[PDB]
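So this one's work39.cif, mmCIF, C-alpha atoms and all ligand atoms:
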```cif
data_final
#
loop_
_atom_site.group_PDB
_atom_site.id
_atom_site.type_symbol
_atom_site.label_atom_id
_atom_site.label_comp_id
_atom_site.auth_asym_id
_atom_site.auth_seq_id
_atom_site.Cartn_x
_atom_site.Cartn_y
_atom_site.Cartn_z
ATOM 1 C CA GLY N 5 115.200 114.470 126.100
ATOM 2 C CA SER N 6 114.303 114.701 122.370
ATOM 3 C CA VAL N 7 115.709 112.629 119.513
ATOM 4 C CA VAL N 8 118.086 114.830 117.376
ATOM 5 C CA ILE N 9 118.752 114.760 113.603
ATOM 6 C CA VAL N 10 122.591 114.698 113.133
ATOM 7 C CA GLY N 11 122.813 113.827 109.429
ATOM 8 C CA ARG N 12 120.945 112.731 106.327
ATOM 9 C CA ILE N 13 121.188 110.222 103.500
ATOM 10 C CA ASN N 14 120.113 111.336 100.047
ATOM 11 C CA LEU N 15 118.583 108.623 97.792
ATOM 12 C CA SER N 16 117.154 110.779 94.841
ATOM 13 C CA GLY N 17 120.185 111.371 92.572
ATOM 14 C CA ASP N 18 122.454 108.886 90.808
ATOM 15 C CA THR N 19 124.629 108.584 94.043
ATOM 16 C CA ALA N 20 123.513 107.511 97.573
ATOM 17 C CA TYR N 21 125.501 109.619 100.004
ATOM 18 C CA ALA N 22 125.535 110.638 103.664
ATOM 19 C CA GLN N 23 126.082 114.143 105.057
ATOM 20 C CA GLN N 24 126.703 114.923 108.751
ATOM 21 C CA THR N 25 124.974 118.130 109.913
ATOM 22 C CA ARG N 26 125.599 118.137 113.707
ATOM 23 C CA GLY N 27 128.584 117.616 116.044
ATOM 24 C CA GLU N 28 128.640 116.537 119.744
ATOM 25 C CA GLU N 29 128.656 120.065 121.426
ATOM 26 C CA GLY N 30 125.168 120.938 120.108
ATOM 27 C CA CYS N 31 123.324 117.556 120.369
ATOM 28 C CA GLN N 32 122.913 117.697 124.233
ATOM 29 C CA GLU N 33 121.506 121.308 124.406
ATOM 30 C CA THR N 34 119.235 120.562 121.393
ATOM 31 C CA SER N 35 118.054 117.381 123.149
ATOM 32 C CA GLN N 36 117.084 119.156 126.402
ATOM 33 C CA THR N 37 115.240 122.068 124.670
ATOM 34 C CA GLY N 38 113.916 120.043 121.738
ATOM 35 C CA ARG N 39 114.622 123.175 119.616
ATOM 36 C CA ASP N 40 116.743 122.580 116.446
ATOM 37 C CA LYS N 41 116.692 125.343 113.846
ATOM 38 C CA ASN N 42 118.929 123.366 111.352
ATOM 39 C CA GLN N 43 117.470 122.740 107.869
ATOM 40 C CA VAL N 44 116.306 119.223 106.979
ATOM 41 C CA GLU N 45 116.930 117.443 103.619
ATOM 42 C CA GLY N 46 116.809 113.893 102.179
ATOM 43 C CA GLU N 47 114.675 110.750 102.490
ATOM 44 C CA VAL N 48 116.638 109.237 105.451
ATOM 45 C CA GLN N 49 117.638 111.100 108.626
ATOM 46 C CA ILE N 50 120.557 109.987 110.833
ATOM 47 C CA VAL N 51 119.264 110.435 114.362
ATOM 48 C CA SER N 52 120.655 110.226 117.862
ATOM 49 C CA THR N 53 119.599 109.919 121.504
ATOM 50 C CA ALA N 54 121.865 110.340 124.641
ATOM 51 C CA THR N 55 124.507 107.743 123.564
ATOM 52 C CA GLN N 56 122.909 105.869 120.626
ATOM 53 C CA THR N 57 122.573 106.668 116.904
ATOM 54 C CA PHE N 58 120.262 105.058 114.296
ATOM 55 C CA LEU N 59 118.176 105.868 111.176
ATOM 56 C CA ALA N 60 114.670 107.329 110.414
ATOM 57 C CA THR N 61 112.935 107.070 107.013
ATOM 58 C CA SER N 62 110.283 109.400 105.491
ATOM 59 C CA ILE N 63 107.319 107.475 103.877
ATOM 60 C CA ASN N 64 103.774 108.943 103.230
ATOM 61 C CA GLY N 65 104.732 112.238 104.865
ATOM 62 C CA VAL N 66 105.683 110.542 108.171
ATOM 63 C CA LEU N 67 109.274 110.152 109.462
ATOM 64 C CA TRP N 68 109.366 106.530 110.722
ATOM 65 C CA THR N 69 111.859 104.854 113.077
ATOM 66 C CA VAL N 70 112.233 101.915 115.498
ATOM 67 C CA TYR N 71 110.759 102.075 119.000
ATOM 68 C CA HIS N 72 113.879 100.200 120.325
ATOM 69 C CA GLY N 73 115.740 103.363 119.310
ATOM 70 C CA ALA N 74 113.394 106.297 119.872
ATOM 71 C CA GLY N 75 111.146 105.005 122.656
ATOM 72 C CA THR N 76 108.305 107.535 123.388
ATOM 73 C CA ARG N 77 110.550 110.549 122.739
ATOM 74 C CA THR N 78 109.669 113.763 120.947
ATOM 75 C CA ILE N 79 111.960 114.838 118.053
ATOM 76 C CA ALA N 80 113.781 118.276 118.074
ATOM 77 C CA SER N 81 112.434 120.848 115.521
ATOM 78 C CA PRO N 82 112.615 124.667 114.795
ATOM 79 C CA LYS N 83 109.348 125.335 116.713
ATOM 80 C CA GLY N 84 110.201 122.970 119.614
ATOM 81 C CA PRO N 85 109.765 119.259 120.507
ATOM 82 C CA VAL N 86 107.443 117.231 118.161
ATOM 83 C CA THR N 87 105.226 114.498 119.743
ATOM 84 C CA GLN N 88 104.781 111.149 117.929
ATOM 85 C CA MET N 89 101.781 110.639 115.614
ATOM 86 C CA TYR N 90 102.216 106.806 115.674
ATOM 87 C CA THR N 91 103.602 104.164 118.029
ATOM 88 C CA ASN N 92 103.310 100.407 117.801
ATOM 89 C CA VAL N 93 105.599 98.748 120.431
ATOM 90 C CA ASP N 94 104.617 95.244 119.105
ATOM 91 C CA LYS N 95 105.776 96.211 115.564
ATOM 92 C CA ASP N 96 108.791 98.196 117.006
ATOM 93 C CA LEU N 97 107.503 101.205 115.070
ATOM 94 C CA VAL N 98 107.387 104.946 115.919
ATOM 95 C CA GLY N 99 106.451 107.942 113.625
ATOM 96 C CA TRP N 100 106.377 111.781 113.678
ATOM 97 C CA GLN N 101 105.008 114.141 110.991
ATOM 98 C CA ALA N 102 107.923 114.500 108.487
ATOM 99 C CA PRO N 103 110.029 117.712 108.998
ATOM 100 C CA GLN N 104 109.953 120.438 106.272
ATOM 101 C CA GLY N 105 112.509 119.544 103.557
ATOM 102 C CA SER N 106 112.345 115.781 104.122
ATOM 103 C CA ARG N 107 111.299 114.061 100.882
ATOM 104 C CA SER N 108 109.149 110.906 101.277
ATOM 105 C CA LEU N 109 109.928 107.605 99.578
ATOM 106 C CA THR N 110 107.165 105.898 97.506
ATOM 107 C CA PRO N 111 105.709 102.558 98.860
ATOM 108 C CA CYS N 112 106.680 99.696 96.475
ATOM 109 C CA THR N 113 103.857 98.016 94.464
ATOM 110 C CA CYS N 114 105.839 95.963 91.824
ATOM 111 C CA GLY N 115 106.321 93.059 94.316
ATOM 112 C CA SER N 116 110.061 92.621 93.618
ATOM 113 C CA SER N 117 112.090 89.855 95.362
ATOM 114 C CA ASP N 118 115.411 91.775 94.711
ATOM 115 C CA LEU N 119 115.861 94.272 97.580
ATOM 116 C CA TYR N 120 118.539 96.756 98.694
ATOM 117 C CA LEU N 121 119.268 97.670 102.326
ATOM 118 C CA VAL N 122 120.496 101.258 103.008
ATOM 119 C CA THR N 123 123.095 101.602 105.786
ATOM 120 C CA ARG N 124 124.035 104.578 107.944
ATOM 121 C CA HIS N 125 127.132 104.946 105.678
ATOM 122 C CA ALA N 126 124.799 105.167 102.580
ATOM 123 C CA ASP N 127 126.199 101.793 101.478
ATOM 124 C CA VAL N 128 123.508 99.859 99.535
ATOM 125 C CA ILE N 129 123.473 96.088 100.345
ATOM 126 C CA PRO N 130 121.596 93.536 98.109
ATOM 127 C CA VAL N 131 118.970 91.408 99.862
ATOM 128 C CA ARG N 132 116.709 88.624 98.446
ATOM 129 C CA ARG N 133 113.095 88.565 99.801
ATOM 130 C CA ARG N 134 112.306 85.276 101.664
ATOM 131 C CA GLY N 135 108.874 86.154 103.077
ATOM 132 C CA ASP N 136 106.651 89.103 104.076
ATOM 133 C CA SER N 137 109.115 90.451 106.698
ATOM 134 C CA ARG N 138 112.402 88.575 105.904
ATOM 135 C CA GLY N 139 115.287 88.890 103.489
ATOM 136 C CA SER N 140 118.653 87.099 103.230
ATOM 137 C CA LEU N 141 121.918 88.985 102.603
ATOM 138 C CA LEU N 142 123.502 87.967 99.245
ATOM 139 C CA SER N 143 126.872 88.426 101.013
ATOM 140 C CA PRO N 144 126.717 87.719 104.816
ATOM 141 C CA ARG N 145 128.070 90.599 106.878
ATOM 142 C CA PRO N 146 129.235 90.627 110.541
ATOM 143 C CA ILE N 147 126.618 92.133 112.997
ATOM 144 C CA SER N 148 129.056 94.984 113.803
ATOM 145 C CA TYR N 149 128.531 96.373 110.254
ATOM 146 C CA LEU N 150 124.732 96.674 110.651
ATOM 147 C CA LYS N 151 124.681 98.313 114.093
ATOM 148 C CA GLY N 152 123.201 101.809 114.045
ATOM 149 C CA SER N 153 121.285 101.097 110.779
ATOM 150 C CA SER N 154 117.816 100.102 112.131
ATOM 151 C CA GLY N 155 115.038 102.484 111.004
ATOM 152 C CA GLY N 156 116.661 102.646 107.555
ATOM 153 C CA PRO N 157 114.911 101.526 104.312
ATOM 154 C CA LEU N 158 114.821 98.294 102.258
ATOM 155 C CA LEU N 159 114.380 99.450 98.656
ATOM 156 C CA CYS N 160 113.248 97.749 95.422
ATOM 157 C CA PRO N 161 115.408 98.175 92.188
ATOM 158 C CA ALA N 162 113.226 101.200 91.181
ATOM 159 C CA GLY N 163 114.095 102.876 94.528
ATOM 160 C CA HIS N 164 110.692 102.509 96.232
ATOM 161 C CA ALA N 165 110.247 101.600 99.950
ATOM 162 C CA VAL N 166 109.625 97.893 100.669
ATOM 163 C CA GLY N 167 110.245 98.014 104.426
ATOM 164 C CA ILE N 168 112.040 99.487 107.455
ATOM 165 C CA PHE N 169 115.098 97.591 108.768
ATOM 166 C CA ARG N 170 114.236 96.394 112.312
ATOM 167 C CA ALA N 171 116.389 93.340 113.259
ATOM 168 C CA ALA N 172 119.115 90.973 112.076
ATOM 169 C CA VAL N 173 119.051 87.143 111.947
ATOM 170 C CA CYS N 174 122.438 86.569 113.597
ATOM 171 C CA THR N 175 124.501 83.412 113.869
ATOM 172 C CA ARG N 176 127.816 83.633 115.802
ATOM 173 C CA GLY N 177 128.345 87.389 115.072
ATOM 174 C CA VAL N 178 127.315 87.063 111.379
ATOM 175 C CA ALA N 179 124.102 88.566 109.925
ATOM 176 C CA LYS N 180 122.758 86.097 107.358
ATOM 177 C CA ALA N 181 119.338 87.747 107.035
ATOM 178 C CA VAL N 182 117.338 90.821 108.035
ATOM 179 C CA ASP N 183 113.895 91.341 109.532
ATOM 180 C CA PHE N 184 111.927 94.361 108.360
ATOM 181 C CA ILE N 185 108.568 96.119 108.976
ATOM 182 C CA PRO N 186 106.766 95.766 105.535
ATOM 183 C CA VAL N 187 105.526 99.062 104.034
ATOM 184 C CA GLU N 188 101.896 97.561 104.095
ATOM 185 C CA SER N 189 102.277 97.442 107.974
ATOM 186 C CA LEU N 190 103.040 101.256 108.012
ATOM 187 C CA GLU N 191 99.876 101.895 105.913
ATOM 188 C CA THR N 192 97.759 99.869 108.407
ATOM 189 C CA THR N 193 99.300 101.949 111.270
ATOM 190 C CA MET N 194 98.328 105.282 109.557
ATOM 191 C CA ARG N 195 94.722 104.044 108.984
ATOM 192 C CA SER N 196 93.924 102.572 112.467
ATOM 193 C CA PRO N 197 92.983 104.581 115.654
HETATM 194 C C1 LIG Y 1 109.829 96.991 120.667
HETATM 195 O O1 LIG Y 1 109.858 95.831 119.826
HETATM 196 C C2 LIG Y 1 111.082 95.344 119.485
HETATM 197 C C3 LIG Y 1 112.308 95.693 120.002
HETATM 198 N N1 LIG Y 1 113.486 95.192 119.618
HETATM 199 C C4 LIG Y 1 113.483 94.298 118.676
HETATM 200 O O2 LIG Y 1 114.651 93.747 118.256
HETATM 201 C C5 LIG Y 1 115.852 94.123 118.989
HETATM 202 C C6 LIG Y 1 116.534 95.311 118.331
HETATM 203 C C7 LIG Y 1 117.178 94.663 117.094
HETATM 204 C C8 LIG Y 1 118.445 95.421 116.711
HETATM 205 O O3 LIG Y 1 119.488 95.280 117.342
HETATM 206 N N2 LIG Y 1 118.323 96.228 115.649
HETATM 207 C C9 LIG Y 1 119.418 96.501 114.750
HETATM 208 C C10 LIG Y 1 120.171 97.807 115.003
HETATM 209 O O4 LIG Y 1 121.054 98.197 114.253
HETATM 210 N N3 LIG Y 1 119.805 98.532 116.114
HETATM 211 S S1 LIG Y 1 120.540 99.966 116.495
HETATM 212 O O5 LIG Y 1 120.267 100.923 115.462
HETATM 213 O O6 LIG Y 1 121.899 99.624 116.790
HETATM 214 C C11 LIG Y 1 119.744 100.473 117.959
HETATM 215 C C12 LIG Y 1 120.538 100.616 119.189
HETATM 216 C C13 LIG Y 1 120.039 101.814 118.493
HETATM 217 C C14 LIG Y 1 119.203 96.140 113.309
HETATM 218 C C15 LIG Y 1 120.163 95.316 114.125
HETATM 219 C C16 LIG Y 1 121.657 95.406 113.774
HETATM 220 F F1 LIG Y 1 122.354 95.238 114.934
HETATM 221 F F2 LIG Y 1 122.002 94.347 112.990
HETATM 222 N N4 LIG Y 1 117.461 93.293 117.549
HETATM 223 C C17 LIG Y 1 118.176 92.420 116.816
HETATM 224 O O7 LIG Y 1 118.600 92.714 115.717
HETATM 225 C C18 LIG Y 1 118.446 91.019 117.381
HETATM 226 N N5 LIG Y 1 117.913 90.053 116.433
HETATM 227 C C19 LIG Y 1 116.663 89.556 116.529
HETATM 228 O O8 LIG Y 1 115.913 89.740 117.466
HETATM 229 O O9 LIG Y 1 116.388 88.827 115.424
HETATM 230 C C20 LIG Y 1 115.124 88.049 115.284
HETATM 231 C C21 LIG Y 1 113.928 88.967 115.116
HETATM 232 C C22 LIG Y 1 115.378 87.276 114.008
HETATM 233 C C23 LIG Y 1 114.936 87.103 116.451
HETATM 234 C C24 LIG Y 1 119.941 90.764 117.747
HETATM 235 C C25 LIG Y 1 120.154 89.282 118.056
HETATM 236 C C26 LIG Y 1 120.883 91.177 116.608
HETATM 237 C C27 LIG Y 1 120.336 91.550 118.994
HETATM 238 C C28 LIG Y 1 116.881 93.021 118.873
HETATM 239 C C29 LIG Y 1 112.309 93.815 118.022
HETATM 240 C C30 LIG Y 1 112.343 92.853 116.991
HETATM 241 C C31 LIG Y 1 111.167 92.461 116.417
HETATM 242 CL CL1 LIG Y 1 111.219 91.304 115.123
HETATM 243 C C32 LIG Y 1 109.938 92.966 116.819
HETATM 244 C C33 LIG Y 1 109.880 93.898 117.815
HETATM 245 C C34 LIG Y 1 111.065 94.359 118.450
HETATM 246 ZN ZN ZN Y 2 109.140 98.726 93.493
#
```
Exercise: express the given structure as structure tokens:
Amino acid sequence: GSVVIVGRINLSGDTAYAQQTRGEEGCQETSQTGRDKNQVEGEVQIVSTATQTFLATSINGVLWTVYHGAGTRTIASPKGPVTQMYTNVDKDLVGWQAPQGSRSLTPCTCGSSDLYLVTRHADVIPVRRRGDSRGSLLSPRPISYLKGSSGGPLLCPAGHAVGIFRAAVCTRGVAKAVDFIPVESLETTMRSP
């Protein structure tokens, strides 16, 4: 069964918003065939498997997501199922060639410590960088709020990609910090055989 795009999050205007593009009745048939003729748009895709939903971000012409979500699955497309270009189980990283219409985010180079996490609801949460792959939430949020948001981007104030949200540093149901795949790790993945 293929991963299916069910929505999108637009990050290029003055407003971050989500738009749902697929219901439940179509997801299952689209998953079995891997054929989805719906048009793609935006930097972030809301994707689903059998019973789980998460995010996928376009960076350097690749649509990236978490392995813990996608596994080795193909993604549904107008021509049929698309096989992964990249997979790093140790990094929890998967990638397919970006679909037509998906705009890629720019990798951040200003080395900002002030970061913004993008949720599946297109809510933008401020994060302070605490290392290469860690950031603390300025306002701690319960774990329940962050569920279904892995694969989404960490952005700098200029709106460039800093990382991909992978895990939360949880203490008694509260997420105090977030673990992310740095954008320099994605660049290493695209360069190595
Ligand atoms: C294949 O490799 C891997 C697979 N899986 C990994 O992590 C899994 C998935 C990830 C998760 O739930 N993702 C979220 C998520 O939203 N997932 S999802 O979209 O719901 C998914 C089910 C579709 C963003 C979370 C959200 F819940 F907050 N995990 C945690 O957030 C855990 N915290 C944790 O481990 O924090 C550290 C790292 C500090 C110990 C808690 C305790 C919350 C379960 C556990 C890998 C992590 C790393 Cl670093 C490297 C490789 C990994
Ligand atoms: Zn930047």
Per residue of chain N within 6 Å of ligand ZN 2 (chain Y), note the shortest atom pair and the distance in Å to one decimal, counting all atoms listed in the file, and order the rows by chain and increasing residue number, as a tab-separated table.
```
residue	atom	partner	partner_atom	distance
N:112	CA	Y:ZN2	ZN	4.0
N:113	CA	Y:ZN2	ZN	5.4
N:114	CA	Y:ZN2	ZN	4.6
N:160	CA	Y:ZN2	ZN	4.6
N:162	CA	Y:ZN2	ZN	5.3
N:164	CA	Y:ZN2	ZN	4.9
```
Can you write out the residues you just picked, keeping C-alpha atoms, as a PDB file, keeping the file's coordinate frame?
```
ATOM      1  CA  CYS N 112     106.680  99.696  96.475  1.00  0.00           C
ATOM      2  CA  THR N 113     103.857  98.016  94.464  1.00  0.00           C
ATOM      3  CA  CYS N 114     105.839  95.963  91.824  1.00  0.00           C
ATOM      4  CA  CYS N 160     113.248  97.749  95.422  1.00  0.00           C
ATOM      5  CA  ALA N 162     113.226 101.200  91.181  1.00  0.00           C
ATOM      6  CA  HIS N 164     110.692 102.509  96.232  1.00  0.00           C
TER       7      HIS N 164
END
```
- Task: Using CA of residue 120 (chain N) and CA of residue 157 (chain N) as the two end points, give the distance in Å to one decimal.
- Result: 8.2 Å
- Atom-to-atom span, CA of residue 96 (chain N) and CA of residue 165 (chain N), Å: 17.5 Å
- Message: Using only C-alpha atoms for the distances, tell me which of N:31, N:161, N:197, N:140 is nearest to residue 182 (chain N).
- Response: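 Checking each of N:31, N:161, N:197, N:140 against residue 182 (chain N), counting only C-alpha atoms, the winner is N:140.
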- Task: Dump the neighbourhood of ligand LIG 1 (chain Y) as a PyMOL selection string: all residues within 7 Å, distances computed on all atoms listed in the file.
- Result: chain N and resi 56-59+71-73+93-96+147-148+150-154+169-174+179+183
- Coordinates-based distance that separates CA of residue 32 (chain N) from CA of residue 55 (chain N) (Å, one decimal):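 Computing the Euclidean distance for CA of residue 55 (chain N) and CA of residue 32 (chain N) yields 10.1 Å.
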- For residue 11 (chain N), which of N:74, N:60, N:121, N:168 is the closest residue, counting all atoms listed in the file?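 Among N:74, N:60, N:121, N:168, it is N:60 that comes nearest to residue 11 (chain N).
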- Item | Nearest candidate to residue 122 (chain N) (options N:189, N:175, N:61, N:24; using all atoms listed in the file) | N:61
- Message: Quick check on the file I pasted: which residues fall under the PyMOL selection byres (((chain N and resi 111) around 10) and not hetatm)? Write them as a PyMOL selection string.
- Response: chain N and resi 63-64+108-110+112-114+159-160+163-167+186-188+190-191
- Message: Need the shell around residue 66 (chain N): protein/DNA/RNA residues with any atom at most 9 Å away, counting all atoms listed in the file. Skip same-chain ones fewer than 4 positions apart. Format as number ranges by chain?
- Response: N: 61-62, 89, 99-103, 108
Written selection (C-alpha atoms) as a PDB file, keeping the file's coordinate frame:
```
ATOM      1  CA  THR N  61     112.935 107.070 107.013  1.00  0.00           C
ATOM      2  CA  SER N  62     110.283 109.400 105.491  1.00  0.00           C
ATOM      3  CA  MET N  89     101.781 110.639 115.614  1.00  0.00           C
ATOM      4  CA  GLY N  99     106.451 107.942 113.625  1.00  0.00           C
ATOM      5  CA  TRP N 100     106.377 111.781 113.678  1.00  0.00           C
ATOM      6  CA  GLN N 101     105.008 114.141 110.991  1.00  0.00           C
ATOM      7  CA  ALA N 102     107.923 114.500 108.487  1.00  0.00           C
ATOM      8  CA  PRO N 103     110.029 117.712 108.998  1.00  0.00           C
ATOM      9  CA  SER N 108     109.149 110.906 101.277  1.00  0.00           C
TER      10      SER N 108
END
```
- Message: Here's the selection I'm unsure about, the PyMOL selection byres (((chain N and resi 86) around 10) and not hetatm); applied to the file above, which residues does it give, as a PyMOL selection string?
- Response: chain N and resi 6-7+38-39+77-85+87-89+100-101+103
- Message: With 7 Å as the threshold, what does the neighbourhood of (116.3, 88.5, 98.4) contain in terms of residues, counting only C-alpha atoms? Coordinates are those of the file; answer as an NGL selection string.
- Response: :N and (117-119 or 131-134 or 139-140)
- Task: Compile the contact shell of residue 90 (chain N) as a VMD selection string: residues with an atom at most 9 Å away, counting all atoms listed in the file, same-chain residues fewer than 6 positions apart removed.
- Result: chain N and resid 68 97 to 100 193 to 194
- Task: Go through the shown structure with the PyMOL selection byres (((chain N and resi 21) around 10) and not hetatm) and write out the matching residues as a ChimeraX atom specification.
- Result: /N:12-20,22-23,46,124-128
- Pick the closest to residue 141 (chain N) from N:115, N:52, N:47, N:178: which is it, counting all atoms listed in the file? N:178
Radius query 10 Å about (108.9, 120.2, 106.0), atoms used: only C-alpha atoms, as an mmCIF file with C-alpha atoms, keeping the file's coordinate frame:
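The file below, result.cif, is the result:
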```
data_model
loop_
_atom_site.group_PDB
_atom_site.id
_atom_site.type_symbol
_atom_site.label_atom_id
_atom_site.label_comp_id
_atom_site.auth_asym_id
_atom_site.auth_seq_id
_atom_site.Cartn_x
_atom_site.Cartn_y
_atom_site.Cartn_z
ATOM 1 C CA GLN N 43 117.470 122.740 107.869
ATOM 2 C CA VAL N 44 116.306 119.223 106.979
ATOM 3 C CA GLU N 45 116.930 117.443 103.619
ATOM 4 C CA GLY N 65 104.732 112.238 104.865
ATOM 5 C CA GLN N 101 105.008 114.141 110.991
ATOM 6 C CA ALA N 102 107.923 114.500 108.487
ATOM 7 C CA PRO N 103 110.029 117.712 108.998
ATOM 8 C CA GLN N 104 109.953 120.438 106.272
ATOM 9 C CA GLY N 105 112.509 119.544 103.557
ATOM 10 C CA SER N 106 112.345 115.781 104.122
ATOM 11 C CA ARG N 107 111.299 114.061 100.882
#
```
